[PDB]
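A.B. asks: One structure is given below, represented as structure tokens, and several questions about it will come after.
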Amino acid sequence: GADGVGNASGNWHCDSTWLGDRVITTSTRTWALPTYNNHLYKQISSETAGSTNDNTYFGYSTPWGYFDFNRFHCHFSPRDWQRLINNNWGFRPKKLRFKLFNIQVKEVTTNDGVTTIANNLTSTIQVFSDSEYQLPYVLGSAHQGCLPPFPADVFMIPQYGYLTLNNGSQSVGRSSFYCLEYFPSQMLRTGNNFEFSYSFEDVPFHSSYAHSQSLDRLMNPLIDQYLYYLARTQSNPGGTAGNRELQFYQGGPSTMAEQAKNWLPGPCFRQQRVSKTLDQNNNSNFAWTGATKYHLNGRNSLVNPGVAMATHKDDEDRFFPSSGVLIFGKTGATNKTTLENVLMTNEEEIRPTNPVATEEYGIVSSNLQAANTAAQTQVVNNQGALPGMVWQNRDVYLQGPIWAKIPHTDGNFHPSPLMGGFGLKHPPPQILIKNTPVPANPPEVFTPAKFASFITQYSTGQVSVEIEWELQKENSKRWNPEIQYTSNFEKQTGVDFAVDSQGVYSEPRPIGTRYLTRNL
Amino acid sequence: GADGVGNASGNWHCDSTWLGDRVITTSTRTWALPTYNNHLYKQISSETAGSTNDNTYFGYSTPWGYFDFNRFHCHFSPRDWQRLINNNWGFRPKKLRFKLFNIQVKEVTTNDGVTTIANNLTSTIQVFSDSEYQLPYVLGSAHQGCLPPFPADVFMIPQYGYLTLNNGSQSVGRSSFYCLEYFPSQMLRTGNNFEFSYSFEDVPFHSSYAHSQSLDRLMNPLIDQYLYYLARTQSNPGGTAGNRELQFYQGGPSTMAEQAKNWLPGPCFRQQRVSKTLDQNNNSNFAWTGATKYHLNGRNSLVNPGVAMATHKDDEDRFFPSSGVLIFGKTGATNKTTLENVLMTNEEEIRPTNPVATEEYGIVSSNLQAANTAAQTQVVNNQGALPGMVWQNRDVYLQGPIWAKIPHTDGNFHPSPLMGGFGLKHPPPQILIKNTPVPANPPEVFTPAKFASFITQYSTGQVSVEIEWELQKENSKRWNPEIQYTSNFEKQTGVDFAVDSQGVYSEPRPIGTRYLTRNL
Amino acid sequence: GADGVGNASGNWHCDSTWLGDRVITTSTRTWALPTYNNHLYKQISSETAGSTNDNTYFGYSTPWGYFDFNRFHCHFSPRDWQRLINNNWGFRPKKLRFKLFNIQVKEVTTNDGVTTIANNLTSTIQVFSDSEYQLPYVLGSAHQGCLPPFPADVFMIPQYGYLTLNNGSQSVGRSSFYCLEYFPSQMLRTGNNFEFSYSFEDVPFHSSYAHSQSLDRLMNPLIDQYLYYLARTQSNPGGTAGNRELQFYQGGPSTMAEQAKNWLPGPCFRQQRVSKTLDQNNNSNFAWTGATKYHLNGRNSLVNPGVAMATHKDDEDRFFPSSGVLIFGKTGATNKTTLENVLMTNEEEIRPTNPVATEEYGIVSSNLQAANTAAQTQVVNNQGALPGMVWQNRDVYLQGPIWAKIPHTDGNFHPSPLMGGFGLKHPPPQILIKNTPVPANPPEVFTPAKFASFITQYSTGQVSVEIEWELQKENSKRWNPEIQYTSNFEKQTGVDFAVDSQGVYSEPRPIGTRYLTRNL
Ligand SMILES: Nc1ncnc2c1ncn2[C@H]1C[C@H](O)[C@@H](COP(=O)(O)O)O1
Ligand SMILES: Nc1ncnc2c1ncn2[C@H]1C[C@H](O)[C@@H](COP(=O)(O)O)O1
Ligand SMILES: Nc1ncnc2c1ncn2[C@H]1C[C@H](O)[C@@H](COP(=O)(O)O)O1
């Protein structure tokens, strides 16, 4: 920060720049930060509300807030998102630049119902980014409080709190307490501003393409293989009795399923099938009971969304996996809603390489046949990785999360966030912010005790974030036209992705990245 | 912006400088910007008020305001306007320079009827000019909110909203939504100021001259042409019977109308004739029913003012075209007034080259004559452009619009604004302004919802605009004195173009540019 | 040409290169040229088949063939055409490069039903491009014989013949005879190849954008004009009697139609309205009788397609102008078909700036009102260009013609081909080709007479054409998604723009260039 009160500390930048193979998206918002917990750290636990053995937790809640811009629609307008997914086979972030400026602090007083708000010029806020990843990382959990979709909106900064190890509702001795005033933090008055730059580590391009071939069909339809398979264990029946024979054919156009193949579909961890038409579902509650969930340290944790898998089969639109999809709300929807209010995403583009989430991986033989014994087989509901598997990660959506932090561990297998996006070992740091305490008048004779009495105040201002995205051009030689993302065209009562008569911005549908096709 | 609170960011400049062939006019005003729509974008449509099939509309309304200086009297004092039109055959703009400064922001509170206004030092405003013409262009539509005629007046900035395509009151899928926080915009506190410069593209000089000749009379009166015309299809009657003969004369002083001519009058699109003396008009409502209007996409849109055409005939002062004139209000006139309160402009100076707006273009033969058949002709009410036409664009008035933006299209014919002034493919950019939201105290526990609750505030300050005009000197050799624009001379209850006893500035009459004459 | 028989004279190039602001499209085909008219020039005329006064013609037919690549789908794959129109606001050609190579000549013999074809090594073909525009120009008339849509197709070169002035079926003395062996032409054996380069003259970008605003709605909806209009010619009726009064309002949000406007819709030349649902059409033949046609030199020539005008009104999909559209055939359609077999193009994107082709331009007052006389008005069916008109040229389609040659004349008004594309004063030259005559054995004693007896032969080979196209990028700030051209998505019996089970390439629908929007 340089100049004084009457000089703005930074300009509004919200813009998109499409140049060559890069796209530089800048977005600026206006934020407001309350005073959390009356400047106190409080240990929160599930002991207060009984809950259940699976939902128990122990942790801390802090006065600090934090900035979240982990969703795409923060950085992209629906138009810009349309250019991205129509013209390109992939994109990944490169650089990041972050600014706070035009900081204002207000003090508020309450007298007999009157609420008076006045500028407090000399009070400060505290901002620090954690570069060393020393704090618990609560980003990537898909919480709210991210910058709004719509530039003209104003948002409130969420509170920062974290969870640690526990036994029941108590605290095991490995539990950690992190005091956030124990880090260096820059203090900013109304003239000061805050800025830093960041550079993403190298990650694979996201795949914005949907394959035009399937694993089983990669063959050549016109030509007949030179590899035999075992066609029949009996002689061709003449209508009398089956007679033992071994007969081998060649894989060919007639029979593709029997034909030899180099590759296997991706792994699957299966989940229940739910239909959108109510009368086709069973009458019972199978939501939690018939759920697909993993058992960790005595806790049954629902598997959501789970391993990336095709949501439904070919001809079945209405079915969806119980836990296997990302689900979004329509504008103005509460936290408890019915089916019509949610926006449900499906992955139909991974059908070629991936199993259907609601169905088996395959079928495998469970016993040794003999003359007297008959061949038996069992179904494979779950399958780990086998040599020769290929798969496709879950798509990212305009509302979906951009990145998540790969935990620090001895090992991991093909880390990518199951919700979607870019797994990062060193993600964009957490930016934390707090209103510095201002004490109310002290008693005039010394007492050691804690104040607990402060001037109520809040601070507002603008925040801007600029990410440099890298692109991968579409090389395809396909003759016929691609699928594209297309606006409505026919007349309707109001425009999609635009404010209504009341000024409420609304997103009608989710938008995935996979339209353009390429060979498998 | 440079210095702090207690230092004025710019001087008052309102001045006129007449040097050589240029005139540099500077004008400065004090403006006030409210808070529109509580910082919201609202889709507006004709669905709310039923209206009629022609008046349906669909669009958006924005919190942003915009500066309009599209009228001449913004830049010209009546004296300066008098020098311009008396001494010159034409003028066109060259350069433009724009400044905002001395910006003040006020916060206002309402308690039990008391209205308290106090400075808010740290709050900002947002200003950006659209250089790339990316927004809808609402200038040139002759709306209100332009800088006042009179330097000592204070004005309020109009709200920015725009219209798009529609079907009925609904929105066709080609409708566009433009978020104006999606552009880079400079943010200004009380110490900051805003400035940019502009340069007009090359355009034809406006014609401030009224021709001293007419198309039909361009000939030499003393000499007799060598070209024959067909004088009579009968023998000169001796009082008995007409006898077929063909007879040719020479065009000469006796008969000028029959004489051969190189040029044709300008095009016309005809309109109804209305008289200012009530008893001469028909008793009926022909205003909308007998109107001259064009039919576009099922909508009947009145043609106003229409193609430039002489308002009345030679000896008829009282008649005026129904839609064919620009009409101004007298001081202190409501939006619904009678004839005496309007200031009605007439073009009598284009009578030489242009058709009369209330009368036919000509008469043309509709059939092939024969021995038995008699020659028939039909009237030409509308005429498109024909090779050999000359015409004069509508004059500009001290109250009239300076420029309009030529739409971006494949083709256009002789673009000039039908209201008047300079057609520009890249007009002066739109300068937009908004008061940055200041949030009221947030709830202290996190909620995702939109604030909707802000501190009510407005901002005021000064704006100055300086246009460099180029002139074309009067070369004429005419012996006798010109017509000029002359002040009243005889005593009257109050001065014209000056404040009355109540401080109300008033413009008594419109003033056109065409006085000086030149040969056709 | 350089090397000999056993060395190929050129490689196959069919490719598309998208780089920056340019797109370089190369296409190569295999052609076959018969022997026309037994090497004779024959005067053709309508005297042979009586026809009618409008269809009479006189001209010549030549042995020469000519290469036509005047349609877009020659140079563009449907995919490439999709990139073009989705990503860009305009495109125009820059350079042209043309090659003949791998020329083969075959001689054919017919004995008792056996058809024997053998190479003729020493025979030649003749090729010359007309750079000086000395020949009649038959390109741009939208004939057949253009390179096929589909690279793997083989096509036959059309015959070159031309028409001249005539009186009835006879020849006026101004008729011209052009012998095409009177030009320099390169002669090519199987080793030789032919090449030349060309550079387009500078032309306006085609407009691939559809306006998001309309002329009538360009105003600002929130603000009220300072210009009065004439609202009513009577006093507001109290239910007793109309009383003469003149009353003026301000143009404002309530009444947009009465509001003053700077611009006028494009010109129109009207045409009859036809409905696609048979029962709504009149029962009669109005095709030719009720047609819109122009009368030239006693000939009534249908106006097709005519001036660019919106095909139908807002809510009416089914109606189309009688002559006012370009009509394409579906695959495998004869030259006489019903409605279902044609592919009918509509311009709905010029509705904002252009009149509807089936409806009036406007309405205009035909008489001078008085106390006794009532105001009368007449409809404007045709309108020439008036100052202040803007319009949009007809769109170009993937099947449509690319260019046409602006005739050489004293004057023209806004030349653009009414069918579509780029008007050129010096278009790509006509490339002509012929098989040089090979005489059959002469009689062995001298006779002066014409041979008339030759060896029957034909020649085949490849032709490649490479055009360099320039692009105009899409700058728009529009928030919500654009309309795009999108493939079918849902399952269907066969792929669009691809061969069927029989190998027949087919184009399911026409594809226009106008999807992306911009402000008017
Ligand atoms: N989302 C994500 N983040 C980080 N690492 C990943 C991810 N997905 C896969 N991988 C690992 C596993 C692959 O062996 C390798 C491909 O990197 P390539 O760059 O394609 O050669 O990268
Ligand atoms: N108002 C306006 N704006 C822009 N272009 C116009 C206008 N009026 C006419 N023209 C065009 C049409 C004329 O052919 C030409 C005269 O330009 P000159 O400079 O006089 O040679 O300019
Ligand atoms: N199709 C076509 N070919 C050639 N000339 C045309 C065509 N359409 C319009 N014009 C002329 C008429 C306009 O005055 C001018 C615009 O050129 P601009 O380049 O846009 O300044 O070009």
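Readers should treat all values here as calculations from the given coordinates under stated rules, not as data from a laboratory. Because the Cβ atoms are built from the backbone with ideal geometry, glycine has one as well, and the counts that use them run over all protein chains shown.
A.B. asks: For A:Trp12, B:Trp89, what ranking results if the residue with the fewest other Cβ atoms within 10 Å of its Cβ goes first?
C.D. replies: So the ranking, lowest neighbour count to highest, is B:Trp89, A:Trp12.
A.B. asks: Run the helix sum for the protein assembly as shown: -39,500 (n - 2.57) per DSSP H stretch of 4+ residues, divided by residue count, reported at 222 nm to the nearest 500 deg cm²/dmol.
C.D. replies: Theoretical 222 nm ellipticity from helices: -500 deg cm²/dmol.
A.B. asks: Further, regarding this structure: Can you give me the Cα centroid spacing of the range B:134-186 and the range B:494-520 in angstrom?
C.D. replies: What the calculation gives is 30 Å, centre to centre.
A.B. asks: Taking amide H positions as placed in the peptide plane 1.01 Å from N, state which residues far from C:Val274 in sequence (5 or more) or on other chains have amide H under 5 Å from it.
C.D. replies: The answer is C:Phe320, C:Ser322.
A.B. asks: Right, something else. Using a label position 7 Å from Cα in the Cα→Cβ direction, what is the ascending list of nm distances from A:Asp315 to the same site in the other copies?
C.D. replies: Output for A:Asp315: 4.0, 9.1 nm, nearest copy listed first.
A.B. asks: Using DSSP to call loops (not H, G, I, E or B), can you name the chymotrypsin sites (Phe, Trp or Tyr not before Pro) in the range C:426-478 whose Cβ has at most 16 other Cβ atoms within 10 angstrom?
C.D. replies: Loop-located and lightly packed - C:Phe446, C:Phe451.
A.B. asks: Which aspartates and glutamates, if any, have their Cα less than 12 Å from the Cα of A:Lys491, not counting same-chain residues under 8 positions apart?
C.D. replies: Filter leaves C:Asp314, C:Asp315.
A.B. asks: Separate question: Looking down the axis that turns B into C, which residue of B has the closest beta carbon, and how many Å out?
C.D. replies: B:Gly384, 1
A.B. asks: Let me ask something else about it. Along the charge dipole of the range A:421-475, Cβ charges K/R +1 and D/E -1, which of A:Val438, A:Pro448, A:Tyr458 sits furthest on the positive end?
C.D. replies: Result: A:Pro448.
A.B. asks: Using a ≥ b ≥ c from the Cα gyration tensor of the range C:403-513 (square roots of the eigenvalues), is it rounded, prolate or oblate, where a/c under 1.5 gives rounded and otherwise the larger of a/b and b/c decides, a/b for prolate?
C.D. replies: Oblate shape, in that a/c is at least 1.5 and b/c is the bigger or equal ratio.
A.B. asks: Mind checking the mean number of beta-carbon atoms from other chains within 10 Å of the Cβ atoms in B:39-49?
C.D. replies: Whole-number average of other-chain Cβ neighbours for B:39-49 is 5.
A.B. asks: Leaving out same-chain residues fewer than 8 places away, which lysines sit with a Cα under 27 Å from that of A:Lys94?
C.D. replies: A:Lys405, A:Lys425, A:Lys473, C:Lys473, C:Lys477
A.B. asks: Residue by residue through the range A:119-131, which ³J(HN,Hα) values in whole Hz follow from phi under the Karplus form 6.51 cos²θ - 1.76 cosθ + 1.60 (θ = phi - 60°), with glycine and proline marked x?
C.D. replies: Rounded to whole hertz, the list is 5, 10, 7, 8, 7, 10, 10, 10, 9, 8, 8, 8, 7.
A.B. asks: Using alpha-carbon pairs under 8 Å, 6+ residues apart, how would you state the relative contact order of chain B in percent?
C.D. replies: Relative contact order for chain B comes out at 27 percent.
A.B. asks: Please give the net charge around A:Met156, taking every other residue with its beta carbon less than 12 angstrom from that of A:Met156, where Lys and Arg add +1 and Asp and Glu add -1.
C.D. replies: Result for the neighbourhood of A:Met156: -1.
A.B. asks: Could you tell me the center-to-center distance, by alpha carbons, between the range B:343-369 and the range A:273-335 in angstrom?
C.D. replies: Result: 77 Å between the Cα centres.
A.B. asks: Could you tell me which of the pairs B:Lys106/B:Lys450; A:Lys99/A:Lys336; C:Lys293/C:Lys330 are separated by over 30 angstrom between their Cα atoms in the structure shown?
C.D. replies: A:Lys99/A:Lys336
A.B. asks: For the protein assembly as shown, give the magnitude of the charge dipole about the Cα centre (Cβ charges: +1 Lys/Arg, -1 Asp/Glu; no others), in debye to the nearest 20.
C.D. replies: 440
A.B. asks: Determine the dipole magnitude for the range A:403-475: charges of +1 sit on the beta-carbon of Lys and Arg, -1 on that of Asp and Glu, nothing else is charged, the reference point is the Cα centre, and the result goes in debye to the nearest 20.
C.D. replies: 260
A.B. asks: Please report, for B:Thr116, the nm distances (one decimal) from its label point, 7 Å out from Cα along the beta-carbon direction, to the equivalent points in the remaining copies, shortest first.
C.D. replies: List, nearest first: 0.5, 11.6 nm.
A.B. asks: I'd like to know which of B:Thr25, B:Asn102, B:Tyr60 lies farthest towards the positive end of the charge dipole of the range B:1-136, counting +1 on Cβ of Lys and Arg and -1 on Cβ of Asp and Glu.
C.D. replies: Of the listed residues, the answer is B:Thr25.
A.B. asks: Can I ask one more? Sort C:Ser123, C:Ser501 so the one with the fewest other Cβ atoms within 10 Å of its own Cβ comes first.
C.D. replies: Listing C:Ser123, C:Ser501 from fewest to most nearby Cβ atoms yields C:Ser501, C:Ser123.
A.B. asks: Counting only C-alpha contacts under 8 Å and six or more residues apart, can you give the relative contact order of the range C:135-270 as a whole percent?
C.D. replies: 14
A.B. asks: How charged is the neighbourhood of A:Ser459? Take every other residue with its Cβ under 14 Å from the Cβ of A:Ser459, and add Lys/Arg as +1 and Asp/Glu as -1.
C.D. replies: Within the 14 Å Cβ shell, the charges total +1.
A.B. asks: Please list B:377-386, B:98-107 highest first by mean number of surrounding beta-carbon atoms within 10 Å per residue.
C.D. replies: So the peptides B:377-386, B:98-107, ranked by packing, come out B:98-107, B:377-386.
A.B. asks: Long-range amide H contacts for B:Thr345: which residues qualify at under 5 Å (H placed 1.01 Å from N, peptide plane, sequence gap of 5 or more or a different chain)?
C.D. replies: Under 5 Å from the amide H of B:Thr345: B:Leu326, B:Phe328.
A.B. asks: Sort shortest first the distances from B:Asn480 to its counterpart in every other copy, using label points 7 Å along the Cα-to-beta-carbon line, and give them in nm.
C.D. replies: 6.5, 8.3
A.B. asks: Between C:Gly90 and residues 5 or more places away or on another chain, which pairs have amide H atoms under 5 Å apart, with H built 1.01 Å from N, and which residues are they?
C.D. replies: C:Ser208, C:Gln472
A.B. asks: Here's something else I'd like to know. Assigning unit charges at the beta carbon (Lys, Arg +1; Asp, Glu -1) and nothing else, what dipole magnitude in debye, to the nearest 20, does chain B show about its Cα centre?
C.D. replies: Rounded to the nearest 20 debye, it is 400 debye.
A.B. asks: In addition: Counting only other residues whose beta carbon sits under 14 Å from that of A:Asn38, what net charge do I get with K and R as +1, D and E as -1?
C.D. replies: Net charge around A:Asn38: +2.
A.B. asks: Classify the protein assembly as shown as rounded, prolate or oblate from the Cα gyration tensor: take a ≥ b ≥ c as the square roots of its eigenvalues, call it rounded if a/c is under 1.5, otherwise prolate when a/b beats b/c and oblate if not.
C.D. replies: oblate
A.B. asks: With the dipole of the range A:236-281 worked out from charges on the C-beta (+1 for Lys and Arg, -1 for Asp and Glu) around the Cα centre, which of A:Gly242, A:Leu278, A:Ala257 lies farthest toward the positive end?
C.D. replies: So the residue we want is A:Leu278.
A.B. asks: With θ taken as phi - 60° and the coefficients 6.51, -1.76 and 1.60, list the Karplus ³J(HN,Hα) couplings across the range A:473-485 in order, rounded to whole Hz; mark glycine and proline as x.
C.D. replies: 6, 8, 9, 4, 8, 3, 6, 7, x, 6, 6, 9, 8
A.B. asks: What ³J(HN,Hα) values, in whole Hz, does the Karplus curve 6.51 cos²θ - 1.76 cosθ + 1.60 give for the range A:150-166 when θ = phi - 60°, with x put for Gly and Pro?
C.D. replies: 10, x, 7, 7, 10, 10, 10, 7, x, 7, 9, x, 9, 10, 9, 5, 7
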